[PDB]
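these are from a larger complex, still in place; more later:
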Amino acid sequence: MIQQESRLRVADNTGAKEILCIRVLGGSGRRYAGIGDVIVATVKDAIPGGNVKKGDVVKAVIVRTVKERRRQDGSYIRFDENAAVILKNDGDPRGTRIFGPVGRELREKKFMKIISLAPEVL
Amino acid sequence: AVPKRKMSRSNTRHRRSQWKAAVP
Amino acid sequence: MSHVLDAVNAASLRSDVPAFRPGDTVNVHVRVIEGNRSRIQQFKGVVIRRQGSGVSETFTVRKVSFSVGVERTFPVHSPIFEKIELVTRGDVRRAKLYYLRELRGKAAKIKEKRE
Amino acid sequence: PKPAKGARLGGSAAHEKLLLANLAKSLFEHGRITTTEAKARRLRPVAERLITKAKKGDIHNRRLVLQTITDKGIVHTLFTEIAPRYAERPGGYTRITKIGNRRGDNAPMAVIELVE
């Protein structure tokens, strides 16, 4: 569960490192976002010379969460850190490389390019 | 708070009747 | 009055599972089902807890994949994994290995139990 | 034995343990004590468990009883006089009898004694 004023590590190479969650999309008053939920965030820390500069307002998809998430089969998955991937307006990732594992919840939500680029999907 | 009026004799005695002991 | 509850909690029970403990490295053969084709994903990691009762037993497996500590909690009797392979044994002195969340690298390794 | 709901006897959890431990001391010393009804009800399961441990009699159990009754003399009588008496009886080692309310605070009293 990631909410407003939450900070996420960026898992791709767009040049951003840390983003602050501005809002959770998909409903009025929506409170928490998990794996596969799209959010609006601001870039709080970025690599010098990268594409995205500190202060930019971006949309990012959450790919890891520290709060364990239940699956249909009864099993759960959790990670050690909260991470997201910055998207373009068309729903495609801005970066070209993705670091660390990602959750399988992306498949049903049609983030196929995220998955194809991810080193491992658990 | 404070009692607004002196309680009427009827109302006072309605209540004290409830303060009775039970036969053992 | 749960006298007859265990009768219903003795049909869904699994028997393939081995007898492992917390601190024992295992290899779970999860059965991923991507629509048409279903492969068998392999999850190798330490067993940091095992809690519950009867049909509700759940164990947790932990691994570090590309510098990220992933955890997966499975029901011991869930018809999701083909088989559980007890790889090694642990020499831990606890029952909930929750102190492995912050330890990283050489310090966060469980020692084999040489008999 | 199962813990108590609500307020602990004697005003604290720490006082309760030592309170029930010493009441058991007196019950084994004299075989019968008169005390408040609530205290008697709490004391029954504690004393009955101690007798169960004394029945077994081995050195290990003697440590375990000593964790509650620090008095070695009382424990000696427990293992050598009382436990042999109840060798055959399976539980229900104590008898609780209600008596009249106490003067002064109108606390309901009761007698708890070892079953002969």
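That came through fine. Numbering: from 1, shown residues only, chains lettered A, B, ... in the order given.

show me what contacts residue C:79?
Shown in contact with residue C:79 (C-beta atoms under 8 Å, 6 or more residues apart in numbering or on different chains): residue C:14. Bear in mind the C-beta positions are built from the backbone N, C-alpha and C, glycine included.

That one in helix, strand or coil?
coil (DSSP: H, G, I helix; E, B strand; the rest coil).

Quick check: it vs residue C:27, distance?
18 Å (C-beta to C-beta, to the nearest Å).

Kindly report the same for residue C:48.
Distance from residue C:48 to residue C:27, by C-beta to C-beta: 15 Å.

Distance check, residue A:78 against chain C.
5 Å (C-beta to the nearest C-beta, to the nearest Å).

Just grab the bridge partners of that residue for me.
On the basis of DSSP bridges, residue A:78 is bridged to residue C:71.

Now do it: how many residues are near it, please.
Other residues near residue A:78 come to 18 when the count uses other C-beta atoms under 10 Å in any protein chain shown.

doesn't residue A:65 make contact with it?
Yes: using C-beta atoms under 8 Å, residue A:78 makes contact with residue A:65 at a distance of 7.1 Å.

Further, place chain E onto the existing structure:
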Amino acid sequence: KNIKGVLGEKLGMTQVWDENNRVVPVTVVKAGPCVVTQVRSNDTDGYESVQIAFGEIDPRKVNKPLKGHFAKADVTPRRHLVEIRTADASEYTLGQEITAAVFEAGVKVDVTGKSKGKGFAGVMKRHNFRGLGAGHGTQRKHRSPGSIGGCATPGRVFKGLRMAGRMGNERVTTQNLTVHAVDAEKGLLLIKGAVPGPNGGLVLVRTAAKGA
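With chain E now in place:
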């Protein structure tokens, strides 16, 4: 509309796994066997309904008025009675046994029972009121209701306003619970969800009131 019903007794909850390997948390209901003891009708009693008597009680704890009411239908005295308000009560017969397997897998039921008690619940726990914040200097009102009305107009607390009172222990009916499995040997019902009332309570299971 036709409504089949049977009394049960919630036994606990467990989980199962449907063929698609989806954990399905079920509650075990020991429904049956229960017998019809009286059939009401339009003429005799005004409406259409059917009593069913479920339970186990030795004949020594039943008083004579009930002991003679059971002997009219020629059934051993049970302990709990209820009526199912149906529309086809003329198809039943005194003494008929309603087994556990009146329902089959997939059907949706409307379970009913006495919800768990909660004592004299406070304002927040019983109506989800908010508080006045732990910090920033709140004087002994961290969990108070707040206000309860306006000033001189109307100069009165509206009826039906939400206060703190005894919570729970009242009749509750959960709806469209799915009957996962019906184990006809023991006479159980694996129902996907959470039926009201504590373990050992007397639940009632009747067909879906809605969707018919």
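
Take the neighbour count of residue A:78 again, chain E included.
Count around residue A:78 with other C-beta under 10 Å applied: 18.

That one is in contact with residue A:67, isn't it?
Yes: at 6.8 Å, residue A:78 and residue A:67 qualify as touching, with contact defined as C-beta under 8 Å.

Quickly run through the sheet partners of the lengthiest strand in chain C, with directions.
Longest strand of chain C, by residue count under DSSP state E: strand C:40-51. The pairing partners recorded for strand C:40-51 under DSSP bridges are strand C:26-31 (antiparallel), strand C:58-64 (antiparallel).

quick one: the strands in chain D?
D:32-36, D:94-101, D:108-114.

Let me have those strands in TSV, adding distance to residue A:118 and mean neighbour count as columns.
Formatted as TSV, those follow (distance: least, C-beta to C-beta, whole Å; neighbours: other C-beta atoms under 10 Å in any protein chain shown):
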stretch	distance to residue A:118	mean neighbour count
strand D:32-36	69	15
strand D:94-101	68	12
strand D:108-114	70	16
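
between these, which one is nearest to residue A:85?
strand D:32-36 (68.4 Å; C-beta to C-beta).

please slot RNA strand F in as well:
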RNA sequence: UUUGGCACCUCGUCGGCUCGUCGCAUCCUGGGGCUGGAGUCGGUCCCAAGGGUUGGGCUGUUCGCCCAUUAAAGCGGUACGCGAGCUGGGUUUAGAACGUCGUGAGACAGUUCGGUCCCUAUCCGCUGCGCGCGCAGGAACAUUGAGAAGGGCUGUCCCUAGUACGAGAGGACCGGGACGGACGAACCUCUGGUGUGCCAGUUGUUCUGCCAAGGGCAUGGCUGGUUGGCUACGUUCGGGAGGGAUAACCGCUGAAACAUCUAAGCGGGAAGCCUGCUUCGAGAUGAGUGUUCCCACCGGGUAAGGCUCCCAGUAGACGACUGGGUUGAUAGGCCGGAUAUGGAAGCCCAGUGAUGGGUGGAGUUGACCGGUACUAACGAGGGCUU
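To build on what is shown above, here is RNA strand F added in:
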């Protein structure tokens, strides 16, 4: 609902939070007329108050601007609702300073830093719970429903279809599915939380004669776990469909006098109204209905059946409700399990020692489960008239 005038009652202003409640002059959702309405979307107007109406930056702020969303971020009344409910930031005390005015004490709808917010609920009111009596015989059980309360929110994607519409760009009505947001209820199988209960490690000190093993205190000394219970961040479920009458509006037949939706009549027509769903419900004094039981005695004893007392929880502030009371598994204890911790004590072996290995998934162990009696279990004799 503003700024005002009168001076008729009475010698903490504001803002925020909590909790409502009402109006419609409607922000969304629902229905419709016209359109300078090709389609998607709009403009205006008519009907419509059932529900819904987010989170932040600045400022005491209402207001206002802005950011990110949303189907939408409505306007108002209620002592500019609500301080015997909370705050006390501005504002109306005493301290001090700046600008200006004053010769001065001081003053300023100028500014600045600081500045005590009391109360045990008598009455009405509201939320729950009992006692008494009533309901013409006395009881046990189950219910009809006059009335009342609760709920009424909504999005995205797929098919229909890249179809009708169009220069094309774009792009439907209607109809059918899939998954969600917010809110509410029940529950504890799963996931998390607590744990003065349980298990283990360890610090200082003190005690049990000493070693060993343990107790007391130190926030449960601290720390690592944690069954039951209570829980939400967790699981499951709900908003509905349908029927009746309607608003705006759309019509059939049709005059008064060809035309007319109307003057007689007959239809369609809203998230709105009544039902349907959930719950309470015969003190509904209009006190109802059903099955069964007792039986026609002499102020009193009784029948059916209750109450008191005790053990408890499925209950609970106390009453109350539910089950059990030797014909007894109600509680405790005792046997076993499941859970929880995690390898007891003694002895042996290894080691100079701290320690390690074996005996042994050991010992301890509560609430969950199965067995087991060992302990404790006042109230009828039917009024009269037709």
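
now with RNA strand F: the contacts of residue C:79?
C:14, E:17, E:21.

Tell me, how many residues neighbour the closest residue to chain E within chain B?
Nearest residue of chain B to chain E: residue B:4, at 15.2 Å (C-beta to the nearest C-beta). Residue B:4: 6 surrounding residues under other C-beta under 10 Å.

ok, so what distance separates it from chain A?
Where chain A is concerned, residue B:4 sits at a distance of 47 Å (C-beta to the nearest C-beta).

Would you double-check that residue E:94 falls in a helix?
No: assessed with three-state DSSP, residue E:94 is coil; it does not lie in a helix.

Give me the phi and psi for it.
When read as degrees, to the nearest 10, the backbone of residue E:94 gives phi -60, psi 130.

can you give me the helices for chain E?
For chain E, applying DSSP state H gives helices covering E:42-45, E:64-73, E:123-127.

Mind putting these into a markdown table with mean neighbour count and distance to chain C?
Shown next, in a markdown table, are these (neighbours: other C-beta atoms under 10 Å in any protein chain shown; distance: least, C-beta to the nearest C-beta, whole Å):
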| stretch | mean neighbour count | distance to chain C |
| --- | --- | --- |
| helix E:42-45 | 9 | 35 |
| helix E:64-73 | 13 | 25 |
| helix E:123-127 | 15 | 28 |
